[PDB]
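Note that the chains are named A, B, C, D and E in the order they appear, and that numbering of residues resets to 1 at the start of each chain.
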């Protein structure tokens, strides 16, 4: 089972602060240290700091401006990172990781995408993408779904609740007018659709929404 | 603070060929280097610990070597699933630090 | 059993406790200090042993105030514990010689 | 209290005095010698302790004649003091065994 | 004798921006580096001790980092009062030595 659970995203207004969480399960020892790592889009991993739950002591990266404060709750086995007075420079994915006191990060959380903006949260509109009646098919057919007008990142797109993985391409989102838009592509044997259903599931953590959209042939 | 240099930043190889990633430490760190793989939109995944120790669940395809200041992560017969960013990390001295990462291209 | 043997056994148990506690506390004290090497438990346990025996190779050592304080406790515990074993051996020898002399 | 216990206590006090005096004198002797590292009091006190316990990590040590002389005094004081504690423990054990034997 | 290299000798930054001064030691000196600020016609003033330790009375704006041979003095959000010459100084080995100084320009 998932050893470290982190919320998918957090929207924060410039100047404000937020508290990220990391719930841990599995074996736990007094020698365990929980680390936090920051990663800007397209860039490398940057160590933020660490905390030892069994004692409550925390250390931080001296090379960077201290934006975080680490704490931990033993009873709920949860580690927290308080990021305060954030700016767009603080927008990034923040990972928590577990170290058994022996130097390496055996396991990582899925990461929390933090976006520092004044814009407002907006769930996405999911539209189906089916071939036109003039489109000829081969042994395979390509379908998809358009996810537009959402904010902030990210959105997780799966096909048939995740059972359909092969032949799937989800494109990077494009930002325009304080709203993101992306599409996902799925290819299946032409002989299997629409006999066998194909649906896309779109999750938007920031708005706590997840919607499904079945892909059926055009009228 | 220990500086980990990963050069080149991008490695281009043909399918099935052997590839080697480099990580040079600014000072001697024994074998206290660990390697992580991070695929597009995924979280880092530990591949090798203490320069050459295997991790259960990782394809035998992956191996590591070196000590002191020069380390290497090698992939025998590369395949599509190996496309990702690879990072080294040291735990010899405080604070732990990460290399800048190398991208594998096929 | 005689006092010296009980004391020796006890000293051994206490030393083991100090080595384990010292290793945990050393890492706690040293992480956060730029350049420190006594920062992972396995090697900290090794450091505690070479310190308690007073061997001190110099491969690892504390750089912080609290790490050094932990170090002094480990040193004293090792020195006193081994010294106590010597004292127990001397007591055993003295007793045996008294008997051998028919005293 | 018995002599061995009084002597042990005294030895401890004297050792503390030697560590403090040694630290002060070590800095005094080493400053002025190009390359010397035993030149600030906090770390010199740490050096005096790892020298008295004979641990000698090698992180710090004297390079001058007078610093080394100070070092020898610290070494001898530590060795003799801890040895005296061992002697006191042996005396305590010997006495207890005599009693236990009804001698 | 330990040589402390401060380069560049002049740093130009815009108001409110973050600035970093560099000090490289000719050999490893742990964290035995201290930073001083000297304004025009003034005496030096201690800002940071032992590479990262804060001094009471100095704005939180100032911070230090590094160990070994590479050290950095950073000013978060620079302002006019920060205009001055900055010097590093080592106390790891005898004799104590000073870096050549870096001037902050806005």
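What to note about this one:
Here, a residue touches a chain if its C-beta (ideal position, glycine included) is under 8 Å from a C-beta of that chain, and two chains touch if they have at least 3 such contacts.
Per-pair tallies of C-beta contacts place C-D first.
The chain occupying the central position, as judged from C-alpha centroids, is B. Computed from the mean C-alpha positions, the centre of subunit A lies at a distance of 24 Å from the centre of subunit B.
Centre-to-centre separation between subunit B and subunit D, using Cα means, comes to 48 Å.
Rounded to a whole number, the gap between the C-alpha centres of subunit D and subunit E is 39 angstrom. With centres taken as mean Cα positions, subunit E sits 35 Å from subunit B. Looking at subunit C, one finds that residues 31-35, 39-40 touch two or more other chains.
Residue positions of subunit B touching 2 or more other chains: 1, 91, 93-95. Along subunit A, residues 59, 62-63, 102-103 each make contact with two or more other chains.
By the contact rule set out at the top, the touching chain pairs are A-B, A-C, A-E, B-C, B-E, C-D, C-E, D-E.
Of all residues in subunit C, only 24, 27-28, 31-32, 34, 39-42 touch subunit A in the complex they form. Remark: subunit C residues 30-37, 39-40 touch subunit B in the complex.
Of all residues in subunit C, those touching subunit E in their complex are 33-35, 63.
By the touch criterion given at the top, residues 65-68, 70 of subunit E touch subunit B in their complex. Residues 35, 44-47, 59, 61-63, 95, 97, 102-111 of subunit A are the ones that touch subunit B when the two sit in their complex.
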